[PDB]
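> As they sit in the full assembly, here are the leading chains:
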Amino acid sequence: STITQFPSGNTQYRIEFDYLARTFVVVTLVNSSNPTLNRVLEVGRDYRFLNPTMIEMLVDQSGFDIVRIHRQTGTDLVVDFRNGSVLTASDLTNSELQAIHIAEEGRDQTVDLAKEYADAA
């Protein structure tokens, strides 16, 4: 889907969903006991990209147990059309995928999180 949870105490993690740009991935540490203890990491200082599918942590995990990764699609254009250039299929594919992703996330994400909390309770 567009949200995943993993146990803490590891060095590497996996990205399974699909994305269009590398700035659309968000990582967050989860404290089960108190939601207010949640903190959001930031790229370069806490993690780095080894390959298009795998990251590695660089900070310690002491008072946390769950790692959460979701997706946040941007708003600016990815494909721009101009007269006199070469047009292929991938352009038309991405132009529609960008529009689809936003609606999909906006419909699914919160309901999925509610599912997770409900069956965890």
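Perfect, I can see it now. Numbering: from 1, shown residues only, chains lettered A, B, ... in the order given.
> Residues in contact with stretch A:47-61: which ones?
Stretch A:47-61 is contacted by residues A:8-15, A:22, A:27, A:29, A:41, A:45-46 when judged by CB atoms under 8 Å, 6 or more residues apart in numbering. For every residue, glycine as well, the C-beta is placed using N, CA and C.
> which of the residues you listed are buried?
The neighbour count (16 or more other CB atoms under 10 Å) marks A:13, A:15, A:27, A:29 as buried among the contacts of stretch A:47-61.
> Looking at these, which are in strands?
A:13, A:27, A:29 (DSSP state E).
> ok, so of these, who is nearest residue A:83?
residue A:27 (41.3 Å; CB to CB).
> need the contact list for that closest one.
Neighbours of residue A:27 in contact, by CB under 8 Å, 6+ apart: A:40-41, A:46-47, A:55, A:67-69.
> Buried members of these into PyMOL, please.
Those of the contacts of residue A:27 that count as buried under 16+ other CB under 10 Å are selected in PyMOL with:
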select buried, chain A and resi 47+55+67+68+69
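> Among the contacts of residue A:27, find me the one that's closest to residue A:1.
residue A:69 (11.0 Å).
> That closest one falls within a strand, correct?
Yes. According to DSSP: H, G, I helix; E, B strand; the rest coil, residue A:69 belongs to a strand.
> what's near enough to touch it?
Contacts for residue A:69 (CB under 8 Å, 6+ apart) come out as A:3-4, A:6, A:13, A:15, A:25-28.
> What helices and strands are in contact with the helix or strand harbouring residue A:110?
Assigned by DSSP states H and E, residue A:110 falls within helix A:89-120. Contacts defined by 3 or more CB pairs under 8 Å, 6 or more residues apart in numbering; DSSP states H and E place helix A:89-120 against strand A:3-7, strand A:66-71.
> Of all these, which one comes closest to residue A:108?
Across the helices and strands packed on helix A:89-120, closest to residue A:108 is strand A:3-7 (CB to CB), at 8.3 Å.
> could you also fit chain B onto it:
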Amino acid sequence: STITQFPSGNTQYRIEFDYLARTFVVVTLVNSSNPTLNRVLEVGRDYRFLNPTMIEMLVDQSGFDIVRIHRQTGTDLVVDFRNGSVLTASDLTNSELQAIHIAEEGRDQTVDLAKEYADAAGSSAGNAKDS
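Let me put chain B in with the others:
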């Protein structure tokens, strides 16, 4: 709209919204008194399509009173683009209409689903607490 309610005990019903494929439409019957059962029908064995705007039942029971029909659009590219082919207006139209339909779908069902999920979690916490 995108959600419809109909009283049980009728032979024919009609749909009020457009769609891109017959698989998208979903039909189920609901018990108001007992929310548990609320089972879903199945194509072919239980219902069929004579007219694209008409739905006709095959099997029916008497323990249920209301029937619900709502739209559910998929999240896959209906149209496929390949090199060395032709471009048609219908493809360009449908590619745009897909996300548009998804929008007012989510706009409707999200807030309703949140309700039962939230109070189900709350009730779970409550019965766990008292016992």
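> With chain B now part of the structure, what is the answer for what packs on helix A:89-120?
strand A:3-7, strand A:66-71, helix B:89-130 (3 or more CB pairs under 8 Å, 6 or more residues apart in numbering or on different chains; DSSP states H and E).
> Could you tell me the angle between it and strand A:3-7?
60 degrees (axes from the mean of the first three to the mean of the last three CA atoms, to 10 degrees).
> Next to chain B, which bits of chain A? Give me the list.
A:88-89, A:92-93, A:96-97, A:99-100, A:103-104, A:106-108, A:110-111, A:114-115, A:117-118, A:121 (CB under 8 Å from any CB of the partner chain).
> are any of those residues buried, and which?
A:92-93, A:96-97, A:99-100, A:103-104, A:107-108, A:110-111, A:114, A:118 (16 or more other CB atoms under 10 Å in any protein chain shown).
> Just the closest of those residues to chain B, please.
The closest of these to chain B turns out to be residue A:107 (CB to the nearest CB; 3.0 Å).
> Wait, the closest one touches residue B:108, no?
No. Counting by CB atoms under 8 Å, residue A:107 sits too far from residue B:108 to count as a contact (9.8 Å).
> tally of neighbours for the closest residue to residue A:31 other than its chain neighbours?
Once flanking residues are discounted, residue A:31 sits nearest to residue A:37: 3.6 Å by CB to CB, 6 or more residues apart in numbering or on different chains. Residue A:37 has 12 neighbouring residues, counting by other CB atoms under 10 Å in any protein chain shown.
> Against chain B, how distant is residue A:37?
20 Å (CB to the nearest CB, to the nearest Å).
> Give the buried residues for stretch A:24-34.
Result for stretch A:24-34 [16+ other CB under 10 Å]: buried residues A:25, A:27, A:29-30.
> which residues touch residue A:120?
For residue A:120, the contact set (CB atoms under 8 Å, 6 or more residues apart in numbering or on different chains) is empty.
> Can you tell me how far the residue of chain A most remote from its centre is from chain B?
The centre of chain A is farthest from one residue, residue A:84, which by CA atoms, centre = their mean lies 36.0 Å away. Counting by CB to the nearest CB, the gap from residue A:84 to chain B is 19 Å.
> ok, now chain C:
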Amino acid sequence: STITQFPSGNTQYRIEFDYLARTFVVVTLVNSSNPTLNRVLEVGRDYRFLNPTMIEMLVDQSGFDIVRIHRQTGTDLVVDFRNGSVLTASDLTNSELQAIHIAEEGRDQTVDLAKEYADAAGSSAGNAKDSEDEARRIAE
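Placing chain C onto the earlier chains gives this:
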């Protein structure tokens, strides 16, 4: 980001989002105490444009506290493709922009109502879970 509110009692206001046409902008007066007396303003007789990003008011703002501006894109298509014509960039651009905009306000609307139920359900579940589990397990 498509919904904004400002304090009442001024004459000039700013627009801070993109739009495809001048009929997609809505201005209304808001009363916080009693949300049953709200009124909707119309162009020409209540307000006038000055430049593409700023407007002017012309009525008396008495009895109101907040002025709200939001975007509402239509659903009818803009460009009609036909067999035999010539492909141009502007048609593709407009067709893409319309869908992107619509998805934007859809998400912005839905998240607002979703969040308050989501976080409350989660917090209650977690609190009850940990309290009961640790307490009863230590007791036994």
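> Repeat for the neighbour count of residue A:37, accounting for chain C.
When neighbours are defined as other CB under 10 Å, residue A:37 has 12 of them.
> next one: residue A:1
13.
> how about the nearest residue to it, chain neighbours excluded?
Excluding the flanking residues, the one nearest residue A:1 by CB to CB, 6+ apart is residue A:112, at 5.8 Å.
> Same check on residue A:63?
Per CB to CB, 6+ apart, closest to residue A:63 is residue A:31, 6.6 Å.
> again, but for residue A:13
Sequence neighbours aside, residue A:55 is the residue nearest to residue A:13 in space, at 5.7 Å (criterion: CB to CB, 6+ apart).
> so the one you found bridges to which residues?
Under DSSP bridges, the beta-bridge partners of residue A:55 are residue A:13, residue A:49.
> OK, contacts around the residue nearest to residue A:63?
For residue A:31, the contact set (CB under 8 Å, 6+ apart) comprises A:37-38, A:63-65.
> Quick one, which of these are buried?
Buried among these by 16+ other CB under 10 Å: residue A:64.
> Can you name the residue of chain A nearest chain C?
With CB to the nearest CB, the shortest gap between chain A and chain C falls at residue A:106, namely 3.2 Å.
> For chain A, which residues are neighbours of chain C?
Residues of chain A lying near chain C (CB under 8 Å from any CB): A:32-35, A:75, A:77, A:79, A:81-83, A:95, A:98-99, A:102-103, A:105-107, A:110-111, A:113-114, A:117-118, A:120-121.
> And for residue A:80, the neighbour number?
Residue A:80 has 12 neighbours, counted by other CB under 10 Å.
> Ramachandran coordinates for it?
phi -120, psi 140 (degrees, to the nearest 10).
> re the thing from before, spatially nearest residue to the residue of chain A closest to chain C (excluding sequence neighbours)?
Spatially, and ignoring its direct neighbours in sequence, residue A:106 is nearest to residue C:107 (3.2 Å; CB to CB, 6+ apart).
> wait, isn't the residue nearest to residue A:1 in contact with residue A:17?
No. At 11.7 Å, residue A:112 does not count as touching residue A:17 under the criterion of CB under 8 Å.
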